2 protein chains.
Amino acid sequence: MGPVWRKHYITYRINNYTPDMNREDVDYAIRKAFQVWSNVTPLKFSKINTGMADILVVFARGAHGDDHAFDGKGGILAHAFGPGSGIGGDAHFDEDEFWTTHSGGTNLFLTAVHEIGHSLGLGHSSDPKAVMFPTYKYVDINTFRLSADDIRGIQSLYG
Amino acid sequence: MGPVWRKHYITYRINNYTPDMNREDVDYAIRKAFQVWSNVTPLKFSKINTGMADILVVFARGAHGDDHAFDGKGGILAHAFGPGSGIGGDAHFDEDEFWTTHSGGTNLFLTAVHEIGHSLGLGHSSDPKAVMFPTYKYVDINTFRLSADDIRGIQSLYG
Ligand SMILES: CC(C)[C@H](C(=O)O)N(CCNC(=O)c1cccc(C(=O)NCCN([C@@H](C(=O)O)C(C)C)S(=O)(=O)c2ccc(-c3ccccc3)cc2)c1)S(=O)(=O)c1ccc(-c2ccccc2)cc1
Ligand SMILES: [Ca+2]
Ligand SMILES: [Ca+2]
Ligand SMILES: [Ca+2]
Ligand SMILES: [Ca+2]
Ligand SMILES: [Ca+2]
Ligand SMILES: [Ca+2]
Ligand SMILES: [Zn+2]
Ligand SMILES: [Zn+2]
Ligand SMILES: [Zn+2]
Ligand SMILES: [Zn+2]
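Residues numbered from 1 in each chain as written, not as in the entry; some residues may be left out. Chains lettered and ligands numbered in written order. Heavy atoms only, no water.

X-ray crystallography is the method the PDB entry states for this structure, with the resolution given as 1.43 Å.

Per the PDB entry, the recorded name for chain A is Macrophage metalloelastase, and the organism is Homo sapiens.

The following block contains the structure:
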């Protein structure tokens with residue numbers, strides 16, 4: 001593990017799918033979440049369906065083999081490991097939440113943007129309107145934009 | 001590691017009342033939340049009516065004059081200032097949340113326990129069992145107990 005990915009070409013794989021959403025909507029939410037970050041960095045993300053990916057996206061509940069157990073519905077929503085091999089980079093989403101394309105649950109796209117930020121080495125922001133602020137609030141995903149603080153943060157890590 | 005209150009007799013006043021629950025239930029939630037901390041320290045909390053209360057409890061929404069704006073329903077729930085004169089110690093609750101006596105919305109008692117922790121000088125815990133863990137999840141308020149970590153934390157400040 002370290003502060004940054006030591007390469008700019010980073011693969012991801014969707015390990016399994018939440019039954020809360022259509023699989024194609026999960027694929028789209030995750031693809032768009034990676035795009036948020038590739039839009040403002042030299043990082044390039046590719047989805048793979050076979051083989052070992054850098055960032056594994058997982059839906060799981062309770063204790064799921066990483067010593068950071070999820071806690072049922074509410075509370076912790078998701079977590080991600082910083083850059084590194086193996087579990088490094090991986091992003092886990094609590095299946096006990098109800099994942100949604102928009103609101104009426106926990107929005108997958110917004111949560112994935114936040115978690116991928118961690119996967120890339122970004123920590124939390126103290127600006128409530130940054131996506132890296134450590135609280136979830138739904139915003140219209142159609143008009144979602146990274147805050148200037150988020151852009152500054154990720155560009156500071158990847159020149 | 002501080003600041004801490006340099007006294008053991010600490011006063012509070014409830015400035016205003018959320019319309020989400022009856023006033024008696026607000027008074028009770030706040031009283032019980034102070035008692036949680038009193039039960040494990042030599043601190044004594046008293047409710048007063050006058051203008052120099054140590055800890056003022058206030059419900060407010062949006063930007064409310066202290067450079068720490070609330071954010072509507074969702075996201076931020078409340079915040080509190082650490083020990084100090086004036087606004088120091090004060091605890092503010094986001095009125096755009098729906099404050100409850102039991103399991104739905106956001107439970108006022110539990111949130112008040114957490115915020116009073118901050119008012120007394122405690123920071124966040126990484127232990128998910130601790131009330132000072134920085135994520136809200138409802139637990140049955142009749143089985144609620146401070147974690148060993150919370151007790152160690154507050155006793156390290158006040159004995
Ligand atoms: C580290 C992980 C476990 C994970 C993560 O960040 O990936 N989580 C974070 C866990 N929290 C932290 O690691 C952390 C670390 C340092 C500081 C903070 C923090 O200050 N958070 C805000 C705290 N709040 C106030 C307060 O603590 O008084 C204040 C500082 C603004 S609060 O209003 O949100 C709050 C108030 C009361 C309580 C509370 C706790 C116990 C009982 C009753 C109430 C909890 C939070 C949080 S999370 O909760 O599962 C999570 C949160 C947000 C998102 C997200 C999704 C989409 C878009 C944007 C964000 C995804 C996942
Ligand atoms: Ca959860
Ligand atoms: Ca990995
Ligand atoms: Ca689910
Ligand atoms: Ca709020
Ligand atoms: Ca005060
Ligand atoms: Ca309210
Ligand atoms: Zn995990
Ligand atoms: Zn986070
Ligand atoms: Zn305030
Ligand atoms: Zn807190």
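Tallied over the full model, the rule gives 7 salt bridges over all chains. A salt bridge links A:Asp54 to A:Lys7; its shortest N-O distance comes to 2.8 Å. Residue A:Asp54 is found in the loop between β2 (44-47) and β3 (55-60), and its partner A:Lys7 is found in the segment before β1 (9-14); the two are separated by 47 residues along the sequence. On the basis of relative accessibility, which here comes to 15%, the residue A:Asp54 falls in the buried class. In this structure, B:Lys129 and B:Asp127 form a salt bridge, with 2.8 Å as the shortest nitrogen-oxygen distance. (Salt bridge = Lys/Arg side-chain N within 4 Å of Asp/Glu carboxyl O. Helix = DSSP H or I, 4+ residues; strand = E, 2+ residues; numbered from the N terminus. Buried < 20%, exposed > 50% of the residue type's maximum accessible area, 1.4 Å probe, protein only.)

To continue, consider the site of ligand 1. The environment of ligand 1 is formed by 28 residues, the closest being A:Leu77, A:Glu115, A:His124, B:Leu77 and B:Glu115. In the model, an oxygen atom of ligand 1 is placed 3.2 Å from a nitrogen or oxygen of the B:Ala78 main chain. Alone, ligand 1 offers 1,200 Å² of accessible surface; in the complex the protein occludes 82% of this. Within the residue set of the shell around ligand 1, elements represented by two or more residues are α2 (108-119) of chain A together with α2 (108-119) of chain B. (Near = heavy atom within 4 Å. Polar contact = N/O pair within 3.5 Å; in protein donor to acceptor, adjacent residues only side chain to side chain. Areas by Shrake-Rupley, 256 points an atom, 1.4 Å probe, with all protein chains shown as cover.)

Each angle at a metal carrying four tetrahedral donors should ideally be 109.5 degrees, and each at a metal carrying six octahedral donors should ideally be 90 or 180 degrees. Residues and elements named next belong to chain A. At this site the zinc ion (ligand 8) is bound by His64 (NE2), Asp66 (OD), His79 (NE2) and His92 (ND1), with donor distances of 1.9 to 2.0 Å. One can describe the donor arrangement at the zinc ion (ligand 8) as tetrahedral, given that its 4 donor atoms subtend angles of 95 to 116° at the metal. Read in sequence order, the donor residues coordinating the zinc ion (ligand 8) give the pattern H-x1-D-x12-H-x12-H. Given the relative accessible area of 8%, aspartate 66 is considered buried. (Donors = N, O, S within 2.8 Å, 3.2 Å for Na, K, Ca; no water. Tetrahedral: all angles 85-135°; square planar, octahedral: opposite > 155°, others 65-115°.)

Another point: the interface of chain A and chain B. With 11 residues of chain A at the interface, the matching set in chain B holds 10 residues. The largest per-residue losses of area from chain A upon contact with chain B belong to A:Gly75, A:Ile76 and A:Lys137, which jointly make up 53% of the total buried on that side. Where chain A touches chain B, the interface holds 0 salt bridges. Our count for the chain A to chain B interface comes out at 6 residue pairs in polar contact. (Contact = heavy atoms within 4.5 Å. Buried area = accessible area lost by both parts, 1.4 Å probe.)

This part covers the packing of aromatic side chains. Using the criterion set out here, one finds 12 aromatic pairs over all chains in the structure. Ring centres of A:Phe34 and A:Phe45 lie 4.7 Å apart, and the angle between their planes is 45°; this geometry places the pair in the tilted category. Separated by 11 residues along the polypeptide, A:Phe34 in helix α1 (residues 23-38) and A:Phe45 in strand β2 bring together distant segments of the chain. For A:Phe34, a relative accessible area of 2% gives the class buried. A relative accessible area of 17% places A:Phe45 in the buried class. Look at B:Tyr12 and B:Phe34: their rings are 4.2 Å apart centre to centre, the planes differ by 20°, and that puts the pair in the stacked class. Remark: B:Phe34 occurs in helix α1 (residues 23-38) and B:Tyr12 occurs in strand β1 (residues 9-14); sequence separation between them is 22 residues. Both residues of the pair, B:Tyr12 and B:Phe34, belong to the buried class. (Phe/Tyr/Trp six-rings, centres within 6.5 Å; stacked < 30°, edge-to-face > 60°.)

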